[PDB]
Amino acid sequence: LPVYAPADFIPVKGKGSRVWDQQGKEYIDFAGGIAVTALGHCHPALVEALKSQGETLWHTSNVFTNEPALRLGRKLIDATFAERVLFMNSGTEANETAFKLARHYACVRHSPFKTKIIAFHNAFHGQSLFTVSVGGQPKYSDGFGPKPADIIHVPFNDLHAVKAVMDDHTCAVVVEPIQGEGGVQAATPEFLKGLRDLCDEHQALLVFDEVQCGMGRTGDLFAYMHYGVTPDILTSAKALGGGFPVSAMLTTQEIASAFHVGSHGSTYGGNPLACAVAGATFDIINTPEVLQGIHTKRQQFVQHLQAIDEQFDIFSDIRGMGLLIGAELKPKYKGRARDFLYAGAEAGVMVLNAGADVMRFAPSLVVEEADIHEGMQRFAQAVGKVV
Amino acid sequence: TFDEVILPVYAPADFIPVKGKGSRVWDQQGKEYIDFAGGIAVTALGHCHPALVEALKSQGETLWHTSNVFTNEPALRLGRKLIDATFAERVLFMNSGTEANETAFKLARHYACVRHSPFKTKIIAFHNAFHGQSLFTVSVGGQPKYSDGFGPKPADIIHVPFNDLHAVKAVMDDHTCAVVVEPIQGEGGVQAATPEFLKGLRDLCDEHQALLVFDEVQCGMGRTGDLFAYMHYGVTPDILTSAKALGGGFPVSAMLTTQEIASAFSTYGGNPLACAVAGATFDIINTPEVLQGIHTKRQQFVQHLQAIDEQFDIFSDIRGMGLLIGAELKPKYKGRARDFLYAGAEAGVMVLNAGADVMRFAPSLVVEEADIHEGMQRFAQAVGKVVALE
């Protein structure tokens, strides 16, 4: 079921896209802690930001703002559709805030009865009771007592099904532009544009969960930029802090104004230390050169995956965007993704799954070409052991 | 700039802290403040404590992040420390108190579901409780103003008055999965559980096969002068949550329970960087000398508050435990806690409220005596300015 490391695989040190365990075994990291360490391990600029802000101020609570948070908010506002930002500590918290905001906006602007949230089968939005109920895997939301109601699930990429369930009582459509956990499935252009049009028609808010696909992962700062479809609310985490727990919810002034003092909050969220680190991360990722490199690097990975398939005949599809890569296993290898993952680890390469039938890769956005080649040769060796 | 950038959910002081050391903080104009607020009971060892900075830098050049597929040495070490020092046999690490409480409440629900019945779902919680602002945690929280207006709430949560054991007895039954309580309600006016109430919750949970869940996010990690408040009371919960002071300012949290309960789902999760910092924090707080000092320091604060009341006739009650201090305003000053908070800031001291009727103090557990005296002189001056007008 779940993927867990045995007692003899405990990471102790990381540098760039290499990780060492307690026994001193070296691994190439194509997993990034599940798409989190977007600039690799102990990146000098992030370490510098951590250490310098760490000497100055870590935390004051939202009885105050702080300079790192202000600077980061400004950067996100200048670079995106956002006019207002809220910082939290995790993707789950950012999504909680987004879903509460869409609900509350509908309640105060339209009607307390405008509560339906449309979400998608196989969606992943976090593991809080509300976010896991918006998530589209019933196995993970069962067994915790009464779920928050008025959430409807339809298939990802099925625009007709969305049209069928939406109405004037709908407050939000929540979608991952690419479903990372859900087999690395990208929205089609017509589907994503269709969501925008339906939200406009029903006065519902379009919420993009970009926790996994945002902050450079796709080769644009946010995936919405690739599609040219602007959401009402967007969430970001993971890559945002490069390994430091931080998240953000982005929206407009008109929507943000539905909140009042006390509508939401967080003790740690908006943290000067977190925001100093996320600022350094942002300054590196949001450059033409790094964003270009993500596309170059994607093709380096894809060519290796194609070569592996040519030799071993294991993949039916290679998909994703930028450095979120999915490789779907052929029917002959249905349900074997975990076995390829563990074989990878034996061979000294860390990879991911995206369901039992899909290999996933989410390396550092600055992973060195030499590391791509070495790690993919290790992965080819692992595939050879499995087949 | 705040109004131009952040969602309007906060009304931040009119100054911006840029630097902190110990219990002193400087704003952009170089104005120096004494910190009796601790970022709401978070910076339990003050700002930029050298041991915490050293842990941050050392782990920061080694390894920051692992996913929950893995453990890591800092998480293992912190888990061991918590297990050795408490009733816990298993520890799950998260980022925030809200997340720890989500985990605790989901675990109590799931344990009931799989060990008893899928119908065993009622959660008993208390008016004025604060457990976080996620949809589930705010619904377990006891302030309807904060849980209204987000659409359908997770159901099967019943609220009764804090400290009302009869009310708990009245609502509990075989369909009850949990009682959730803060041993001291920090946000809710700094109100401590009575001994009979807390022991009674334990007995009722035993009787009904429900789990007793202590939210020690605010009152834990040394705040009361014991490592956890449950230790003062001698009442052992089934599940306990911790955050705030745990990381001394770094975002980290923990859910503590037994092997029997955790099996329904010795450590799980934990950010290596967060856990390194929390390990250094734990090593300092969990010492006889620091814990003793929390009581000495409490009395230093309380004596000042008593002197302020003698001069100005403003407080009807001084309460709390250790370095969680509440001072309730007399009827003449009812609803005016915010006025004293702003006057405090103007006088160069950072304090808190706990509702509109109560002043709250949550300083560093190692706050220097000189800072206690200086900060309380500033607070006396602030009180003086307010009362001179009225």
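As a basis for the values below, the full set of heavy atoms in this structure was taken, side chains included, without hydrogen atoms, waters or symmetry mates. Proteins get letters first, then strands, A, B, ... in listed order; numbering begins at 1 in each.
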Using a cut-off of under 4.5 Å for heavy-atom pairs, which of [options] has the most such pairs with chain B?
options: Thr92(A), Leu86(A), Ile117(A); answer: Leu86(A)
options: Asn62(A), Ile151(A), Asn89(A); answer: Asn62(A)
options: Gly32(A), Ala7(A), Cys42(A); answer: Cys42(A)
options: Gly242(A), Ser133(A), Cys171(A), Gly54(A); answer: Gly54(A)
options: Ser266(A), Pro112(A), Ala274(A); answer: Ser266(A)

### Task
Could you go through the side chain to side chain contact (heavy atoms under 4.5 Å, CB included) check for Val9(B) and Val261(A) one step at a time?
CA-CA 4 Å; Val9(B) 299; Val261(A) 178; over 6 Å; no
Chain A heavy atoms under 4.5 Å from [X]: which part of the residue, side chain, backbone, both or neither?
X: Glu102(B); result: side chain
X: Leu52(B); result: both
X: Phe119(B); result: neither
X: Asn72(B); result: both
X: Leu273(B); result: side chain
X: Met94(B); result: neither
X: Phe250(B); result: both
X: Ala243(B); result: both
X: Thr121(B); result: side chain
X: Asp35(B); result: neither

[X] side, atom [atom1]; [Y] side, atom [atom2] - distance, nearest 0.5 Å:
X: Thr60(A); Y: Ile40(B); atom1: OG1; atom2: CD1; answer: 10.0 Å
X: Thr103(B); Y: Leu129(A); atom1: OG1; atom2: CG; answer: 11.5 Å
X: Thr56(A); Y: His47(B); atom1: OG1; atom2: NE2; answer: 12.5 Å
X: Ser61(A); Y: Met350(B); atom1: OG; atom2: CE; answer: 7.0 Å
X: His264(A); Y: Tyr10(B); atom1: NE2; atom2: OH; answer: 7.0 Å

Please state whether the rings of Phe144(A) and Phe265(B) are parallel, tilted or perpendicular, taking 30° and 60° as the class boundaries. perpendicular
Taking all non-hydrogen atoms of both residues, which atom of [X] and which atom of [Y] are closest, and how far apart?
X: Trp58(A); Y: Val277(B); result: CZ3-CG1, 3.6 Å
X: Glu73(B); Y: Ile10(A); result: N-CG2, 4.3 Å
X: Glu4(B); Y: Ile77(A); result: O-CD1, 4.1 Å

Contact class of [X] relative to chain B, heavy atoms under 4.5 angstrom:
X: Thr131(A); answer: neither
X: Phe9(A); answer: both
X: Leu50(A); answer: both

Is the closest side-chain heavy-atom distance between [X] and [Y] below 4.5 Å?
X: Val53(B); Y: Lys51(A); result: no
X: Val5(B); Y: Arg84(A); result: no
X: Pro152(B); Y: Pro148(A); result: no

Counting heavy-atom pairs under 4.5 Å with chain A, which one of [options] comes out on top?
options: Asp156(B), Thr43(B), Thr71(B), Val18(B); answer: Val18(B)
options: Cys113(B), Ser96(B), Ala345(B); answer: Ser96(B)
options: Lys21(B), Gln59(B), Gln28(B); answer: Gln28(B)
options: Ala155(B), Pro251(B), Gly249(B), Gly151(B); answer: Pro251(B)
options: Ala112(B), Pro272(B), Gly39(B); answer: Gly39(B)
options: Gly20(B), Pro17(B), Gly97(B); answer: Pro17(B)

- Count the heavy atoms belonging to other residues, nucleotides or ligands that lie under 6.0 Å from CZ of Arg338(B), then report whether that count exceeds 12. no
Working for side chain to side chain contact (heavy atoms under 4.5 Å, CB included), residues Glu93(A) and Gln133(B): CA-CA 9 Å; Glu93(A) 290 190 324; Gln133(B) 298 207 242; over 6 Å; no
Determine, using ring centers only, whether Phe130(A) and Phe136(B) are less than 6.0 Å apart.
-> no
message: Using only atom types and a distance under 3.5 Å, with no angle test, would you say the side chain of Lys19(B) pairs donor to acceptor with the backbone of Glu55(A)?
response: no
